[PDB]
Amino acid sequence: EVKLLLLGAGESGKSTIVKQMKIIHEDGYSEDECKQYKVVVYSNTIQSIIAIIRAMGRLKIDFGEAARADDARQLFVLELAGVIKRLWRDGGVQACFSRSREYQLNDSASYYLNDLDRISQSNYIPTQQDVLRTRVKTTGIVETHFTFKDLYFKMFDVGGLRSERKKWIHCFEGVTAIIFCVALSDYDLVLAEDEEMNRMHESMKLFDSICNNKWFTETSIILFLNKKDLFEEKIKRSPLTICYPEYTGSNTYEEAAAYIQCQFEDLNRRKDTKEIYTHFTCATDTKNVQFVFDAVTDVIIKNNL
Amino acid sequence: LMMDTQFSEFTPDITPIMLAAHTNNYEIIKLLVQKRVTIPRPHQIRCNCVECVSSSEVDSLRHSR
Amino acid sequence: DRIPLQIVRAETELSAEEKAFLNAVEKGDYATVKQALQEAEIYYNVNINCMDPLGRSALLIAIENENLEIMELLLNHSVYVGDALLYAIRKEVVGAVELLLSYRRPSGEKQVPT
Ligand SMILES: Nc1nc2c(ncn2[C@@H]2O[C@H](COP(=O)(O)OP(=O)(O)OP(=O)(O)O)[C@@H](O)[C@H]2O)c(=O)[nH]1
Ligand SMILES: [Zn+2]
């Protein structure tokens, strides 16, 4: 038996790792299970374009074309596919999209919006990647059972937000391993529950709590520096100094990623006693998560000999 | 400083750890021990080495205290 | 000849945040404790049931200092209530023993924290 906790702040990738434990270790989502996510894909798409439009007021951004004003009114009341397309391709809308760190926008927004033709067909069935990309908040615990290398994994997914903290204390008993997820792409983002709080500082202070807690003295601490794909893209246009004003390295994936790893690993106040097992991950990439989780399992076996 | 080490209520052989042990207070003793402090080891009662004999002969009161 | 003095039975040293929390408890400041309990719920910074080396707890120190509002706030934020009634009885104070007797049943949800 292995008790495994998926921890981390809101939107860090926890439940996406949980989706991967289905497909990687099992037959995975059925066409019928995929079909159940259609309304979520639609909602995520609609809510994302609404969020961008709404932000254009806060940001003092006009539509590229006046005709989009009526499309925006139509969008709020709601042909829908046409309206979303025209808005998304507008230059004002795109200027706002480019500045999404100044508001709250789902990571999968452009994924879906760029695939609007496909997802809007009457016969649309979400693909497995479409499912992995969905955003559904996780409130309460999500204990699921899986068996890897013949280990009986008892896996606990929990809410990452600060409102969901109350559930965390009940699950702390007998934890073999924690996978602590950190969205690499959050250095320049603010919390949805606190827009004067940077997301990466929030993830540090929790990791300071979770790594140094006396409950997890013998627990294997695994750090997933997640959303590596989004980070690779973002780092070329948003400087790391937003998060770490002292950083004098390059705004390149390898250097900036390495620096973040160092900042998190430095939070370990028992370095001559305890390892952190760090992996760079893309939680939506099945091949990557399978490889990383295999490695993680080996660490857990080796640490329970 | 000249002429102000005239009066001390404590004898010069008193180190802080010895006085903390004399007062028998747990917190002060713990704080002093945490800072790498030592106490000299007394010799055997039936000692006839050169330093014990010389110290007893020169100043017996200081040695006994 | 330099008898070595060292702590041969060393307890686990308190964290700095824990030291600040119990120093605030023994100080008697009501305002400082509440932000610590909210941040210990949210950020999990301070274990409320921590133990200074001289055999005392935050609820138990509040028992010795006989302050009842810090008692009420701590036990509202779910301190381990067991074995504290004996210290209140030995303190021979009516208010503390009445408060711990009255709030043994605060409509307890999800049993006790581990
Ligand atoms: N492309 C990509 N998308 C990711 C990655 N990690 C997370 N996402 C997406 O971003 C969102 C975050 O994933 P979630 O599973 O909701 O994150 P979480 O930490 O479980 O969120 P909570 O429910 O708040 O705990 C989802 O829409 C995911 O599909 C990643 O590495 N790559
Ligand atoms: Zn001698």
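Rules of the game
Residues numbered from 1 in each chain as written, not as in the entry; some residues may be left out. Chains lettered and ligands numbered in written order. Part of a larger assembly, values for the part shown. Heavy atoms only, no water. Donors = N, O, S within 2.8 Å, 3.2 Å for Na, K, Ca; no water. Buried < 20%, exposed > 50% of the residue type's maximum accessible area, 1.4 Å probe, protein only. Patch = residues over 30% accessible without salt bridge, like charges linked within 9 Å, V, L, I, M, F, W, Y side chains within 5 Å. Areas by Shrake-Rupley, 256 points an atom, 1.4 Å probe, with all protein chains shown as cover. Salt bridge = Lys/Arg side-chain N within 4 Å of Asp/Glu carboxyl O. Helix = DSSP H or I, 4+ residues; strand = E, 2+ residues; numbered from the N terminus. Contact = heavy atoms within 4.5 Å. Buried area = accessible area lost by both parts, 1.4 Å probe. Polar contact = N/O pair within 3.5 Å; in protein donor to acceptor, adjacent residues only side chain to side chain. Nonpolar A, V, L, I, M, F, W, Y, C, P; charged D, E, K, R; others polar. Pairing = 2+ DSSP bridges. Arc of directions from axis to C-beta.

J.: So what exactly am I meant to see when it comes to the coordination of the zinc ion (ligand 2) here?
T.: Residues and elements named next belong to chain B. For the zinc ion (ligand 2), the full set of protein donor atoms is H43 (ND1), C47 (SG), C49 (SG) and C52 (SG), at a range of 2.1 to 2.3 Å. In the primary sequence, the donor residues of the zinc ion (ligand 2) line up as H-x3-C-x1-C-x2-C. According to the relative accessible area criterion, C49 is partly exposed, its value standing at 27%.

J.: Help me out: how do you make sense of a nonpolar patch on the surface in this one?
T.: A surface patch of nonpolar side chains, amounting to about 290 Å² of accessible area, comprises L86(C), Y87(C) and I89(C). One can find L86(C) in helix α5 (residues 84–91).

J.: For this particular structure, what's the right way to read the arrangement of the chains?
T.: Looking at the two pairs of chains with contacts, the pair that accumulates the most is chains A and C. Spatially, chain A is disjoint from chain B: no contact exists, and the shortest C-alpha separation is 20 Å.

J.: Looking at this structure, I do not really get the interface of chain B and chain C. What am I missing?
T.: In many reports, interface size means the accessible area that the parts give up when they come together. Facing the 12 residues of chain B at the interface are 10 residues of chain C. Roughly 1,100 Å² is buried in total at the junction of chain B and chain C, and carbon and sulfur atoms are behind 56% of that figure. Area buried by chain B at its contact with chain C is led by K30(B), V33(B) and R41(B), which between them contribute 39% of it. Along the contact surface separating chain B from chain C lie zero salt bridges. Linking chain B to chain C there are three residue pairs in polar contact. Sorting the residues of the side of chain B that touches chain C by element identifies α2 (26–33) and β1 (38–39) of chain B as the ones contributing at least two each. Tallying contributions element by element places α2(B) first for the side of chain B that touches chain C, with four residues. Taken together, the residues of the side of chain B that touches chain C sort by class into six nonpolar, two polar and four charged. Pairing between β1(B) and strand β1 (residues 3–4) of chain C: two bridges, direction antiparallel. Across the sheet, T38(B) pairs through a bridge with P4(C), a residue of β1(C).

J.: Please clarify how the pattern of salt bridges should be interpreted in this entry.
T.: Charged atoms that come close allow side chains of opposite charge to pair. Residues and elements named next belong to chain A. Scanning all chains against the criterion turns up 24 salt bridges over all chains. Measuring nitrogen to oxygen at the nearest pair gives 3.9 Å for the salt bridge that ties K154 to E1. Several salt bridges converge on common partners, so that one network encompasses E11, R135, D186 and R199.

J.: Would you explain helix α4 (residues 68–77) of chain A in this entry?
T.: For an α-helix the count is 3.6 residues per turn, leaving residues at separations of three or four pointing the same way. All names here are of chain A. What α4 keeps buried is the set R68, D71, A72 and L75. For α4, the arc enclosing every buried residue in end-on projection is 100 degrees, short of the 170-degree limit, so these residues lie on one face. Those residues of α4 that are exposed and angled more than 90 degrees off the buried face are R73 and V77. Residues of α4 that are buried make contact with α3 (38–59) and α5 (80–88).

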